[PDB]
>>> print(open('model.txt').read())   # compact mmCIF, C-alpha atoms
# COMPACT_ATOMS: atom_id res chain seq x y z
CA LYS A 1 80.51 68.13 99.11
CA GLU A 2 83.63 68.73 96.98
CA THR A 3 84.53 72.42 96.98
CA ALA A 4 84.60 74.56 93.83
CA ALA A 5 88.36 74.99 94.36
CA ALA A 6 88.90 71.23 94.66
CA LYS A 7 86.77 70.62 91.55
CA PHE A 8 88.91 73.06 89.57
CA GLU A 9 92.01 71.12 90.54
CA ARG A 10 90.43 67.79 89.64
CA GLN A 11 89.16 68.84 86.28
CA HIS A 12 91.93 71.13 85.16
CA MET A 13 95.28 70.60 86.81
CA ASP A 14 98.02 68.28 85.77
CA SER A 15 101.24 69.31 87.42
CA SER A 16 102.60 65.76 86.93
CA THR A 17 103.44 66.21 83.29
CA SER A 18 104.86 69.04 81.25
CA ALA A 19 102.72 68.36 78.19
CA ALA A 20 100.48 65.65 76.75
CA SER A 21 102.76 62.80 75.66
CA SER A 22 100.55 60.89 73.20
CA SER A 23 97.22 60.93 71.34
CA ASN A 24 95.63 59.01 74.25
CA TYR A 25 96.27 61.66 76.88
CA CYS A 26 92.77 63.10 76.85
CA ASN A 27 91.15 59.72 76.74
CA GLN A 28 92.98 58.64 79.76
CA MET A 29 92.77 61.82 81.78
CA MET A 30 89.09 62.55 81.13
CA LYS A 31 88.26 59.07 82.41
CA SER A 32 90.67 59.11 85.39
CA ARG A 33 89.51 62.47 86.63
CA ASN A 34 85.92 61.19 86.55
CA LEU A 35 84.78 63.69 83.97
CA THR A 36 82.85 61.10 81.93
CA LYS A 37 81.07 59.38 84.78
CA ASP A 38 77.66 60.79 84.07
CA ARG A 39 78.02 61.88 80.44
CA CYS A 40 80.81 62.75 77.99
CA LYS A 41 81.95 66.24 78.90
CA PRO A 42 82.44 67.79 75.43
CA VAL A 43 85.51 69.91 75.99
CA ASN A 44 88.01 70.21 78.76
CA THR A 45 91.39 71.94 79.26
CA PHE A 46 94.27 70.65 81.40
CA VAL A 47 97.01 72.92 82.74
CA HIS A 48 100.59 71.62 83.05
CA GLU A 49 101.96 74.02 85.64
CA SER A 50 102.32 74.16 89.38
CA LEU A 51 99.12 74.78 91.29
CA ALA A 52 100.67 77.79 92.93
CA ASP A 53 101.41 79.44 89.56
CA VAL A 54 97.86 78.86 88.46
CA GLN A 55 96.40 80.15 91.79
CA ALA A 56 98.54 83.23 91.36
CA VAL A 57 96.60 84.11 88.28
CA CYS A 58 93.91 85.42 90.61
CA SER A 59 96.16 88.34 91.30
CA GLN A 60 97.06 88.99 87.70
CA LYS A 61 95.29 90.86 84.89
CA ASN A 62 91.65 91.42 85.63
CA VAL A 63 89.41 90.88 82.59
CA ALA A 64 85.82 90.18 81.79
CA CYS A 65 84.81 86.57 81.54
CA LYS A 66 83.28 85.28 78.31
CA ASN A 67 79.79 85.81 79.74
CA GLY A 68 80.47 89.36 80.95
CA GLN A 69 81.23 88.61 84.61
CA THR A 70 84.12 90.60 86.00
CA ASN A 71 85.80 88.17 88.36
CA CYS A 72 88.04 86.78 85.60
CA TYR A 73 91.82 87.04 85.35
CA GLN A 74 94.28 86.45 82.55
CA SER A 75 97.78 85.06 83.07
CA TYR A 76 100.61 87.49 82.26
CA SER A 77 102.61 84.63 80.90
CA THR A 78 101.71 81.74 78.57
CA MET A 79 101.24 78.31 80.02
CA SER A 80 101.47 74.81 78.75
CA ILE A 81 98.02 73.40 78.22
CA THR A 82 96.25 70.46 76.66
CA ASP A 83 92.87 70.89 74.94
CA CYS A 84 90.56 67.87 74.93
CA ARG A 85 87.60 67.76 72.38
CA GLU A 86 85.14 64.94 71.87
CA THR A 87 85.54 63.08 68.59
CA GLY A 88 82.98 61.97 66.08
CA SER A 89 83.31 58.43 67.40
CA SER A 90 82.66 59.34 71.02
CA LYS A 91 79.74 57.35 72.46
CA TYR A 92 78.78 57.23 76.17
CA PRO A 93 80.11 55.44 78.18
CA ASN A 94 83.12 55.11 75.84
CA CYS A 95 83.85 58.75 75.58
CA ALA A 96 86.57 59.63 73.09
CA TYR A 97 88.71 62.71 72.66
CA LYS A 98 91.20 64.33 70.40
CA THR A 99 94.29 65.69 72.28
CA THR A 100 95.81 69.05 71.27
CA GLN A 101 98.82 70.64 72.95
CA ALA A 102 99.30 74.36 73.07
CA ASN A 103 101.00 77.19 74.88
CA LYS A 104 98.74 80.07 75.74
CA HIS A 105 97.60 82.53 78.29
CA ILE A 106 94.82 81.21 80.51
CA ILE A 107 91.72 83.04 81.83
CA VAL A 108 90.16 81.80 85.05
CA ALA A 109 87.35 83.02 87.32
CA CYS A 110 88.29 83.38 90.99
CA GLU A 111 86.26 83.35 94.20
CA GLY A 112 86.59 83.00 97.99
CA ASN A 113 89.08 83.52 100.77
CA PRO A 114 91.70 82.61 100.01
CA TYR A 115 90.85 83.95 96.50
CA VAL A 116 91.37 80.98 94.18
CA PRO A 117 90.43 79.77 90.70
CA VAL A 118 87.13 77.96 90.55
CA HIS A 119 86.44 78.01 86.81
CA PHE A 120 88.50 77.70 83.63
CA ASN A 121 87.11 80.34 81.29
CA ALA A 122 89.21 80.43 78.15
CA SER A 123 92.72 80.35 76.70
CA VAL A 124 94.00 83.10 74.37
>>> encode(input="model.txt", output="structure tokens")
Amino acid sequence: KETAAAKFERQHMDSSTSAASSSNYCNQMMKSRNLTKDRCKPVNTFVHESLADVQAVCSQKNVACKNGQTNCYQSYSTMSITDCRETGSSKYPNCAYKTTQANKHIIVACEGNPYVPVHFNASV
């Protein structure tokens, strides 16, 4: 089965672009990354940085995850991200999203050996 690490890359990484370039970014990326295959995932965040810089977060500032777990880490620096939120007109299978660009610090949960990100927790 797809690993947790691989899933994190598929759902959250976009090292191919520096930022979302148009209002259709989320619509296209949510579909292409197969995140709307079974249902319309409500929210999703894409990270426009190298995978190595994101993996390195696992060795950055340790913080509690939103739920209280302590295997979370916050990036020392801000990162370019794109927030995707379902719109009022979204209707499975034609899922629809609003694209929002931002620059913030990311918080991920890490696991394994090598110790890598497996969950996107929040952006602050």
>>> closest_residue(input="model.txt", among="A:101, A:87, A:22, A:75", to="residue 42 in chain A", atoms="all atoms listed in the file")
A:87
>>> closest_residue(input="model.txt", among="A:5, A:79, A:43, A:84", to="residue 105 in chain A", atoms="only C-alpha atoms")
A:79
>>> atom_distance(input="model.txt", atom1="CA of residue 102 in chain A", atom2="CA of residue 73 in chain A")
19.2 Å
>>> atom_distance(input="model.txt", atom1="CA of residue 35 in chain A", atom2="CA of residue 76 in chain A")
28.6 Å
>>> residues_around(input="model.txt", residues="residue 70 in chain A", least_positions_apart="6", cutoff="10 Å", atoms="only C-alpha atoms", output="PyMOL selection string")
chain A and resi 62-64+109-110
>>> residues_around(input="model.txt", residues="residue 106 in chain A", least_positions_apart="2", cutoff="12 Å", atoms="only C-alpha atoms", output="PyMOL selection string")
chain A and resi 12+45-49+53-58+60-63+65+72-83+102-104+108-109+117+119-124
>>> atom_distance(input="model.txt", atom1="CA of residue 85 in chain A", atom2="CA of residue 1 in chain A")
27.7 Å
>>> residues_around(input="model.txt", residues="residue 86 in chain A", least_positions_apart="4", cutoff="12 Å", atoms="all atoms listed in the file", output="tab-separated table (two decimals) with C-alpha atoms, in the coordinates of the input")
chain	number	residue	atom	x	y	z
A	26	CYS	CA	92.77	63.10	76.85
A	27	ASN	CA	91.15	59.72	76.74
A	30	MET	CA	89.09	62.55	81.13
A	36	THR	CA	82.85	61.10	81.93
A	39	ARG	CA	78.02	61.88	80.44
A	40	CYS	CA	80.81	62.75	77.99
A	41	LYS	CA	81.95	66.24	78.90
A	42	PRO	CA	82.44	67.79	75.43
A	43	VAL	CA	85.51	69.91	75.99
A	44	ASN	CA	88.01	70.21	78.76
A	45	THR	CA	91.39	71.94	79.26
A	90	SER	CA	82.66	59.34	71.02
A	91	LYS	CA	79.74	57.35	72.46
A	92	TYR	CA	78.78	57.23	76.17
A	94	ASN	CA	83.12	55.11	75.84
A	95	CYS	CA	83.85	58.75	75.58
A	96	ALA	CA	86.57	59.63	73.09
A	97	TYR	CA	88.71	62.71	72.66
A	98	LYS	CA	91.20	64.33	70.40
A	99	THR	CA	94.29	65.69	72.28
A	100	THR	CA	95.81	69.05	71.27
>>> closest_residue(input="model.txt", among="A:23, A:34, A:50, A:28", to="residue 7 in chain A", atoms="only C-alpha atoms")
A:34
>>> decode(input="model.txt", residues="range 62-86 of chain A", atoms="N, CA, C and O atoms", output="mmCIF file, in the first residue's frame")
data_model
loop_
_atom_site.group_PDB
_atom_site.id
_atom_site.type_symbol
_atom_site.label_atom_id
_atom_site.label_comp_id
_atom_site.auth_asym_id
_atom_site.auth_seq_id
_atom_site.Cartn_x
_atom_site.Cartn_y
_atom_site.Cartn_z
ATOM 1 N N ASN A 62 10.083 21.605 17.967
ATOM 2 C CA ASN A 62 9.084 20.654 18.412
ATOM 3 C C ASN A 62 7.933 21.365 19.092
ATOM 4 O O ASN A 62 8.169 22.212 19.955
ATOM 5 N N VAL A 63 6.694 21.030 18.696
ATOM 6 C CA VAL A 63 5.495 21.637 19.261
ATOM 7 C C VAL A 63 4.361 20.630 19.327
ATOM 8 O O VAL A 63 4.377 19.596 18.674
ATOM 9 N N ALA A 64 3.364 20.941 20.132
ATOM 10 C CA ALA A 64 2.258 20.021 20.209
ATOM 11 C C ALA A 64 1.387 20.205 19.013
ATOM 12 O O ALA A 64 1.182 21.320 18.575
ATOM 13 N N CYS A 65 0.884 19.119 18.494
ATOM 14 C CA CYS A 65 -0.058 19.095 17.393
ATOM 15 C C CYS A 65 -1.409 19.656 17.912
ATOM 16 O O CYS A 65 -1.652 19.839 19.114
ATOM 17 N N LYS A 66 -2.293 19.956 16.969
ATOM 18 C CA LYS A 66 -3.573 20.537 17.310
ATOM 19 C C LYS A 66 -4.325 19.686 18.311
ATOM 20 O O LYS A 66 -4.959 20.224 19.206
ATOM 21 N N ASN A 67 -4.223 18.363 18.141
ATOM 22 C CA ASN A 67 -4.908 17.398 19.005
ATOM 23 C C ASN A 67 -4.192 17.088 20.299
ATOM 24 O O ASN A 67 -4.744 16.330 21.097
ATOM 25 N N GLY A 68 -2.977 17.634 20.511
ATOM 26 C CA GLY A 68 -2.271 17.366 21.758
ATOM 27 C C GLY A 68 -1.086 16.438 21.586
ATOM 28 O O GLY A 68 -0.237 16.381 22.466
ATOM 29 N N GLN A 69 -1.004 15.731 20.486
ATOM 30 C CA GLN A 69 0.132 14.831 20.250
ATOM 31 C C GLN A 69 1.430 15.638 20.221
ATOM 32 O O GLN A 69 1.469 16.793 19.797
ATOM 33 N N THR A 70 2.520 15.032 20.642
ATOM 34 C CA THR A 70 3.772 15.752 20.678
ATOM 35 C C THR A 70 4.797 15.403 19.632
ATOM 36 O O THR A 70 5.965 15.681 19.853
ATOM 37 N N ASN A 71 4.399 14.848 18.513
ATOM 38 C CA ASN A 71 5.355 14.542 17.461
ATOM 39 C C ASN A 71 5.206 15.576 16.306
ATOM 40 O O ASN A 71 5.371 15.274 15.129
ATOM 41 N N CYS A 72 4.854 16.796 16.684
ATOM 42 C CA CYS A 72 4.687 17.851 15.696
ATOM 43 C C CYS A 72 5.924 18.783 15.711
ATOM 44 O O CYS A 72 6.653 18.914 16.714
ATOM 45 N N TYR A 73 6.127 19.443 14.577
ATOM 46 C CA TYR A 73 7.257 20.344 14.423
ATOM 47 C C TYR A 73 6.858 21.553 13.562
ATOM 48 O O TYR A 73 6.170 21.413 12.543
ATOM 49 N N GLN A 74 7.328 22.716 14.007
ATOM 50 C CA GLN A 74 7.044 23.938 13.284
ATOM 51 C C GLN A 74 8.277 24.466 12.535
ATOM 52 O O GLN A 74 9.404 24.478 13.068
ATOM 53 N N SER A 75 8.077 24.914 11.302
ATOM 54 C CA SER A 75 9.211 25.420 10.538
ATOM 55 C C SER A 75 9.744 26.725 11.138
ATOM 56 O O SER A 75 8.980 27.590 11.564
ATOM 57 N N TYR A 76 11.079 26.872 11.170
ATOM 58 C CA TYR A 76 11.669 28.097 11.700
ATOM 59 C C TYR A 76 11.353 29.236 10.731
ATOM 60 O O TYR A 76 11.089 30.363 11.105
ATOM 61 N N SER A 77 11.365 28.920 9.473
ATOM 62 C CA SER A 77 11.069 29.954 8.495
ATOM 63 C C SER A 77 9.680 29.836 7.861
ATOM 64 O O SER A 77 9.076 28.785 7.947
ATOM 65 N N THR A 78 9.169 30.908 7.222
ATOM 66 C CA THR A 78 7.879 30.835 6.584
ATOM 67 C C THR A 78 8.112 30.143 5.282
ATOM 68 O O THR A 78 9.251 30.097 4.780
ATOM 69 N N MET A 79 7.019 29.610 4.737
ATOM 70 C CA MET A 79 7.031 28.915 3.477
ATOM 71 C C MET A 79 5.873 29.334 2.598
ATOM 72 O O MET A 79 4.848 29.771 3.067
ATOM 73 N N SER A 80 6.048 29.185 1.322
ATOM 74 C CA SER A 80 5.010 29.548 0.402
ATOM 75 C C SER A 80 4.007 28.407 0.337
ATOM 76 O O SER A 80 4.361 27.268 -0.023
ATOM 77 N N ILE A 81 2.766 28.725 0.653
ATOM 78 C CA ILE A 81 1.740 27.700 0.607
ATOM 79 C C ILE A 81 0.478 28.170 -0.091
ATOM 80 O O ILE A 81 0.233 29.358 -0.267
ATOM 81 N N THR A 82 -0.332 27.189 -0.481
ATOM 82 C CA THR A 82 -1.608 27.440 -1.098
ATOM 83 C C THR A 82 -2.682 26.672 -0.298
ATOM 84 O O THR A 82 -2.600 25.442 -0.135
ATOM 85 N N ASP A 83 -3.676 27.412 0.185
ATOM 86 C CA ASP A 83 -4.799 26.844 0.912
ATOM 87 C C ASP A 83 -5.941 26.600 -0.073
ATOM 88 O O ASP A 83 -6.280 27.459 -0.882
ATOM 89 N N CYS A 84 -6.517 25.405 -0.025
ATOM 90 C CA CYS A 84 -7.626 25.034 -0.877
ATOM 91 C C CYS A 84 -8.857 24.731 0.011
ATOM 92 O O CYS A 84 -8.767 23.874 0.874
ATOM 93 N N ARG A 85 -9.987 25.434 -0.187
ATOM 94 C CA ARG A 85 -11.242 25.257 0.591
ATOM 95 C C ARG A 85 -12.412 25.070 -0.340
ATOM 96 O O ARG A 85 -12.604 25.811 -1.317
ATOM 97 N N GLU A 86 -13.235 24.064 -0.039
ATOM 98 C CA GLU A 86 -14.389 23.785 -0.887
ATOM 99 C C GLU A 86 -15.360 24.964 -0.933
ATOM 100 O O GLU A 86 -15.620 25.605 0.067
#
